[PDB]
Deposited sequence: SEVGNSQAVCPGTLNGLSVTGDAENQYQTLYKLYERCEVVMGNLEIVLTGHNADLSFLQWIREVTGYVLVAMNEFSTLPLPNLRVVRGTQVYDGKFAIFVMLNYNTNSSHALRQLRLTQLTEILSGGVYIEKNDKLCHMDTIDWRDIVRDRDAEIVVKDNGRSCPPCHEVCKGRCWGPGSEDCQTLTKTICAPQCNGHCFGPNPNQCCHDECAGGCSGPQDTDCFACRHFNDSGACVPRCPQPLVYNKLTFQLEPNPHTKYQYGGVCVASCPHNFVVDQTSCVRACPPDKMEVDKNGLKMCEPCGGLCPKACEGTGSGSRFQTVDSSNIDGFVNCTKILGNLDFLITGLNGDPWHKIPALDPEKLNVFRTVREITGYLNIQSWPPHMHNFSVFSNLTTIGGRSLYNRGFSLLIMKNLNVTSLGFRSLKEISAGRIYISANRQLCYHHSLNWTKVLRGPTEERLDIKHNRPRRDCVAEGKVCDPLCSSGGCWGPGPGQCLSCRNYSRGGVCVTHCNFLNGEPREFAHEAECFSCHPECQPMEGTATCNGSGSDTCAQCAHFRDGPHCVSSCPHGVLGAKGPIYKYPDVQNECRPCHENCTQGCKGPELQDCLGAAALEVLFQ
């Protein structure tokens, strides 16, 4: 129904035709420019018989076919014009010698050129173009019309056509449509009566007074009707007192309202777009690919190092590639030469501050291998968002996690690590590593634990306890990665943003919170904080014990509904003495104030 435009010029044998064909059949509205350049004399042109509208310009240059039949072409919009001047550009459509020349331009239904002019020159055997009243078609009075220097030995125009025709036939006549209308219409009329103007949604002329009578839509087309906007995605339901998805929803693809975007198009906001913006991500909703805000930063996947890669370790030339990376396709290797520099390959030492680039990493598909770490960095808090180590690819003797000979590390600091899907674990020769002794690897390491742990020769458990380096009281029997309530494997009571807490803000505190599977989530804003009582039982405006501002149905709202469009018109409400939102009078136009008719607007 709707196809894209080509954007080339006179720039270009068999492929070119293939590209043209697949592109324009079976489309009706060209979102761009219709460019027909260098086409053979016996090429099938029936795939262009359904084109009704072209939003850009029409370029017909150096073709060899005898006739160009566009019987359904009604409107050339001219949003993009050729050489800044022409909506229609026809030039050089004839063969080197041979009788393979274009003789007829069949635009029998061409009614309107909204912007741009017409250029028809140097077509040796093209006739009848000098008889057409182009001013009847071209809306803009300032546009240039240049039709000259074409066919010289041309047949007279048929007597039925009255001197104006697209061809020599009796059905090839041009039908004049420009009429004289009254002042009330701003140049948009279908008759001379002041009550015979075109609809306000008509771009130019029209066949009648209705939505459905335009030659071209001023904004959008909805299944035959020219509309200011496509049907809204959301609609206020009077019975559920909130915005519900509209069944009649259509999205913006150019100037047409469509129920679903094409194959390679996503829905952002109200419109079909080529790709999703950097601030939003692609998600499947009700059958369609929609764009929704990432809630922070968007997922990004980077290639790793080690096994199956070009880098054996991350270094000065690699570290910059992991910016804003959440998932790592492969492994991470931290070797001695990578951290301190490689003289053989002339790679400088790594800047410790650049290691903070891994703070966005949530998952490592392969293994994690740390054999070298900066002296002043006594932990791996750089990997504090790391949740999963896949172990899909292993290191050495089947290791997925390997912390070796890091004599300055005091605690692990993997406070988000919850799963190591496969592989063995090797943590040794870290002489000052404490906290790891009490950790239950069964909860983290997936599968049978037996013989998959190789943890020894670290700081002895006796020295750690005597120095006070033990787990926080709020930690469960699972253990911890370091000191504090935010370093626990699991909490005894509740957790608030990765930090173990004794209780949520149930009865006091800002913001107020509710419990959900031993986790603290805040109440909806607009819940009035209750003194000595629970504020909410869950998230949402309908789970509040009392509304801060107003109440609409079961929900709490900041502002009473002041013109929210529903199924059959806008919906207005007012806040009564009990701050609850009540409907307005049925005969009110814009405002409310109160329930009575006298309070309107």
| item | value |
| --- | --- |
| Regions of the deposited sequence not represented in the model | 1 to 7, 20 to 22, 612 to 621 |
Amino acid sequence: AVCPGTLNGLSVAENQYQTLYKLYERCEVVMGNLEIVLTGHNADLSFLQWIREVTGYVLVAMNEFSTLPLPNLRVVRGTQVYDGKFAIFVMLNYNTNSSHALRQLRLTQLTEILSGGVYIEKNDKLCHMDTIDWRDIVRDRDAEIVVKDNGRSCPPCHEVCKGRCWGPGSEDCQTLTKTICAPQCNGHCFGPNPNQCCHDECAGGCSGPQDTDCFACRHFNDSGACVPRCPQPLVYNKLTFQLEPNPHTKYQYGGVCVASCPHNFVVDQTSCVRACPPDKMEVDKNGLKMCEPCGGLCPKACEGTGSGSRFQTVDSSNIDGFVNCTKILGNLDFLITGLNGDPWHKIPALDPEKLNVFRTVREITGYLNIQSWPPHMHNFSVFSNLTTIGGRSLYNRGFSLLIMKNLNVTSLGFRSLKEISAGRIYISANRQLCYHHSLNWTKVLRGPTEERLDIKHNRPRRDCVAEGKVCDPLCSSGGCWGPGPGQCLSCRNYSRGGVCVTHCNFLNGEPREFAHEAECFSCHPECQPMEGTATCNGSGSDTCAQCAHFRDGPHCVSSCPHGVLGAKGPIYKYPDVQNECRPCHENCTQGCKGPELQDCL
From here on, numbers count along this sequence of modelled residues.
item: Stretch exceeding the other in mean C-alpha B-factor - 375 to 383, 513 to 521; value: 513 to 521
item: 256 to 264 set against 199 to 207, stretch whose average Cα temperature factor tops the other in the entry; value: 256 to 264
item: Candidate set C173, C127, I389, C294 [ranked by C-alpha B-factor, highest]; value: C294
item: Residue selected from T111, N186, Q80, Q432 by maximal Cα B factor; value: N186
item: CA B-factor ranking of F86, expressed as a third of its chain; value: lowest
item: Where the record places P156 (Cα B-factor, split into thirds across the chain); value: highest
item: Position of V58 among the chain's modelled residues by C-alpha B-factor, lowest, middle or highest third; value: lowest
item: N458 - Cα temperature factor, lowest/middle/highest third of chain; value: middle
item: For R551, the third of its chain into which the C-alpha B factor falls; value: highest
